[PDB]
Amino acid sequence: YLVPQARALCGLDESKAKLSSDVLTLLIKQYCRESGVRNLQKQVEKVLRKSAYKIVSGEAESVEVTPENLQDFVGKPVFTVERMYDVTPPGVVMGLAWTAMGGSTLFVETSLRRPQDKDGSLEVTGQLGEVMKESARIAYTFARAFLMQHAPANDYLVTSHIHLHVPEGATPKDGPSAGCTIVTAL
Amino acid sequence: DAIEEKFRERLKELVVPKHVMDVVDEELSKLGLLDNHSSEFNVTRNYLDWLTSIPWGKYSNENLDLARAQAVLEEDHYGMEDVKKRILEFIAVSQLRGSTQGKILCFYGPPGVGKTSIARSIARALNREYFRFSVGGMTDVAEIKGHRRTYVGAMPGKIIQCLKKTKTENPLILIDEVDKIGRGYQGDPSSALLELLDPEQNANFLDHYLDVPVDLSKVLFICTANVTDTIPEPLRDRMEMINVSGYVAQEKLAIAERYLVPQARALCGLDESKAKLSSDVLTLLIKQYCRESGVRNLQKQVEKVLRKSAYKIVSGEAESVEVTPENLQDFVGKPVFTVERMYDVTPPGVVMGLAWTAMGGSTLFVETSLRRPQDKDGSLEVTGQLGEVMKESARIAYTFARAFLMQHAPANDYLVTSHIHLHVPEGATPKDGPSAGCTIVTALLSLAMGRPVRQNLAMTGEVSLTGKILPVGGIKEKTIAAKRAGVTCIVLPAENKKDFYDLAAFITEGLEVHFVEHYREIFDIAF
Amino acid sequence: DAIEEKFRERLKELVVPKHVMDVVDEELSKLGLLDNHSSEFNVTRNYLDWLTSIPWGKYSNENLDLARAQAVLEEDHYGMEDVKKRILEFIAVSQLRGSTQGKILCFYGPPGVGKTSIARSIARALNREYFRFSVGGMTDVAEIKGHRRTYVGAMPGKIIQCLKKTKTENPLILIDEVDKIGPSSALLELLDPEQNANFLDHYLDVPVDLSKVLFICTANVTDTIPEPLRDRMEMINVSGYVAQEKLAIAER
Ligand SMILES: Nc1ncnc2c1ncn2[C@@H]1O[C@H](COP(=O)(O)OP(=O)(O)O)[C@@H](O)[C@H]1O
Ligand SMILES: Nc1ncnc2c1ncn2[C@@H]1O[C@H](COP(=O)(O)OP(=O)(O)O)[C@@H](O)[C@H]1O
Ligand SMILES: [Mg+2]
Ligand SMILES: [Mg+2]
């Protein structure tokens, strides 16, 4: 629907400007992650209008769009990194989050705050909301209980001072959906 | 009566659509039945006037010459490549298709960069009619939609009057300051803009006075805003966001010596033979007085110099005067931005950072000191009007610095037990953001080891709890601020390579750029 | 008719721009068919009253002479050398270009230093008309931009009121306490060289040229002034007085 109508508006035949399924897939993946259609239409129209300018100005007789030179038409990709950790060290567990620009993944990082591994504590940073901080507290309590019943000799969680961080530091996040992820990380 | 023909013979040159012609006919038939001096007669007459005044099928003689358009665009504004490219693409597309087109654009950027001014130059380039529709603080929805005929003072509204007064169906409408539209209590004008700025529904824009849809698909809508975050998302999604990035010092010099100085001389009535401003004087003025992204303050400084010279000439104090970098302070006063770098040599515990500021970016330093006299557990106090995000980043940096020193030097008990105070010496101004996490880590490690970092090294980048460096924004401003100082080496996150190399060549000529993925690389670079 | 001839006699000496003339002509034609008892007749009469009262082509005869203006400035106030220098520079620029000009200034300083009295003295020296209104605590945009003809209580706002009162297109307008404003978006359009020449009022529905008006703002602290508004105007510091200066002012 979009590309034929955009061609009819810009007046470019398929032979003069090539938009393959691969370049459209890349453009959607890297520029149009939203749930709507208007921004994808705008990107397609940008590509076609730049091809039209190249044709009219005499710079080229036909314009071919490729996944390599797409950034020449639509600039740098908005989304490039899909996951922060390729291989997760022991303290971090991968989670999932809801976002307006499609789905978004999150990680939960934990590390010792004091050298020795008298109660211990959990410091929570990462712009976590009140509900999510409460879920972190519940997760800490259940992690203590579960490690108590699974490994009685392992007093790590009760004595160690632990810092919990969700490395999307500038983006606020809330919700209890991360309780099991936090338990797994701890 | 002759009023009916006075209506009819001015539709001859208009290709009126059927849905308008059948309303005009019924209104004219109603007109001939009412008494010539009744109030209903006046209402019908006013409505027929409004319907007839619309340019139903006439367009301005748009020109499609790319060379002429580029010449017209270049004669007024310097270095607005994105907007000029967008307009040339518009012209090329409108040349491929056999008819005129319309688009909805939004120019956003820092104040004083030329968003409002470029619209008139674009309208002149396109040979389109120009209308400015400032919506700053507007809370009246009736200015967009109008009022029904039943009211005594009913008028269609601003847009229909634009079509009436421009006498063309494809003008250029400048909706100035769209982000500053008012949050009216009785109505929300931004919600009425959804119908006006809908790329598909422009063809059926319904006016409350006319009660007849008008085809606004051929109108080129240009909006100006300072920040996009204030515009409602349903309206922001309809408009095409294209950015004006502001001007670097070299671009400011080009604008001043090519546009600002000639126009200011014309305003002051002077000539180059009587008042001479050399490139060195303009460069010094930009460097020491006009750090803002716009060129309005630079324009004010230039006008100040020229008016001082004009007073010196008219009063007879001098036949002619030349401005020099030595005597410039006589005209503009003593320099404002006299210092670029707080520390020429950084002692142990302080690390040079970079920050985004409205004045073309600026550098910052992170200072750490031993609050209690010993090299229970340690604590970290933070000051400097740090925001909540920046304080959280400081806590993360402290935790990771402890962890890193746990493994790099297990015998080093400094960070574990010592009580540390961390400050950013710009205490009077608020600062926020996670960009300084790696700077804080470096400051803490330099304090712990007692070893100063490289003496001309700047760095930025968010840090995770495990030490991974995350991308940050404002690379251009941070790079410019680093290059103003004697920074010979800069450290950036690896994810910022793509938008660092998108910068102009002259900005990054002399910088030894290092791209990092984990802090263990920054540690080797700095130490 | 008598009303039309009265409005045209109001209009004889003004050099009216073409678009304003077309608007007045069409409104007069509209008034020529409405019945006298109609409420729309009242609205049209009230509208034409404002359009025929704007001084479209009248300028005050300024005293483009450095000596007399300097004498007036130094006889009316003591120690305001920065403001006096700025006004002398303004006069020199007006003389060199050979035409009247408008500027936007801002006097900021502690209260009681003479920011309003110096503005009255400047208007006296320049032979310009003087008008002032306060924006301190203002929260209504409609008192600057006006209300359209539809509403019963519509007024054309402070700027059009000033233009009608002063009968000149180059008066001295003092905007008092710009730093205490609540509304600033109307001022951004009011004082901006790019759009001063085409200031559109909602009631008038026709643009007026404010490029020759000399705007002088008053404040006490610059930091509280809105950021986009602080960029349009020029900041001149009217600082306080030392004991010797206060003694001289008191004696003189
Ligand atoms: N690139 C440029 N070249 C020449 N003059 C410029 C340029 N950018 C801005 N100006 C001048 O600076 C002023 C900026 O005002 P304006 O266009 O209103 O900026 P904004 O739209 O950001 O408010 C204009 O009067 C314009 O003449
Ligand atoms: N330098 C001066 N020379 C002469 N009179 C002065 C001077 N400074 C202040 N005054 C007097 O003090 C009064 C200040 O009132 P006003 O200017 O309205 O207060 P503000 O300065 O807070 O606006 C004026 O009436 C003026 O006559
Ligand atoms: Mg603007
Ligand atoms: Mg006062």
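The numbers used for chain B are those of Swiss-Prot, and the residues that appear cover 415-789, 796-947, in sequence.
The backbone N, Cα and C atoms fix where each Cβ goes, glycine too.
In Swiss-Prot this protein carries:
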- B:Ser855: active site (ACT_SITE)
- B:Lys898: active site (ACT_SITE)
- B:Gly523, B:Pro524, B:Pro525, B:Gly526, B:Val527, B:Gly528, B:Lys529, B:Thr530: ATP binding site (BINDING)
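Proximity to chain C, taken as a Cβ less than 8 Å from one of its Cβ atoms, holds for B:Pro525, B:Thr530 among the recorded positions B:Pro525, B:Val527, B:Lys529, B:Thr530, B:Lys898. Ranking the recorded positions B:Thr530, B:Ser855 by the number of CB atoms within 10 A of their own CB puts B:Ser855 at the top.
The number of other Cβ atoms within 10 Å of the Cβ belonging to B:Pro525 (ATP binding site), over all protein chains shown, comes to 18. With respect to Cβ neighbours within 10 Å, the binding-site residues B:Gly523, B:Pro524, B:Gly528 differ, and B:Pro524 shows the lowest count. On a Cα basis, B:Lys898 (active site) lies 17 Å away from B:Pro524 (ATP binding site). Between the recorded positions B:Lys529, B:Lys898, the minimum number of other C-beta atoms within 10 Å of a residue's C-beta occurs at B:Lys529. It is 22 Å from the Cα atom of B:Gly523 (ATP binding site) to that of B:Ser855 (active site). The ATP site is defined by B:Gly523, B:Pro524, B:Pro525, B:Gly526, B:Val527, B:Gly528, B:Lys529, B:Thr530, and by the 8 Å test on Cβ atoms against their centroid, the other residues of the chain that qualify are B:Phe521, B:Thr638, B:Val658, B:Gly660, B:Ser707, B:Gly708. It is 20 Å from the Cα atom of B:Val527 (ATP binding site) to that of B:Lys898 (active site). B:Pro524 (ATP binding site) carries neither a helix nor a strand DSSP state and counts as coil. Checked against ligand 1, the binding-site residues B:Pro524, B:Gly526, B:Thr530 give B:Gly526, B:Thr530 as the ones with a Cβ under 6 Å from it, listed in sequence order.
For B:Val527 (ATP binding site), other Cβ atoms within 10 Å of its Cβ number 23.
In the shown protein chains, 21 other C-beta atoms lie within 10 A of the C-beta of B:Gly526 (ATP binding site). Straight-line distance linking the Cα atoms of B:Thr530 (ATP binding site) and B:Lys898 (active site), rounded to a whole number, equals 27 Å.
On a Cα basis, B:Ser855 (active site) lies 30 Å away from B:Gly528 (ATP binding site).
Ligand 3 lies under 6 Å from the Cβ of B:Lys529, B:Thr530, out of the binding-site residues B:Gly523, B:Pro525, B:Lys529, B:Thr530. Between the alpha carbons (Cα) of B:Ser855 (active site) and B:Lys898 (active site) lies a span of roughly 11 Å.
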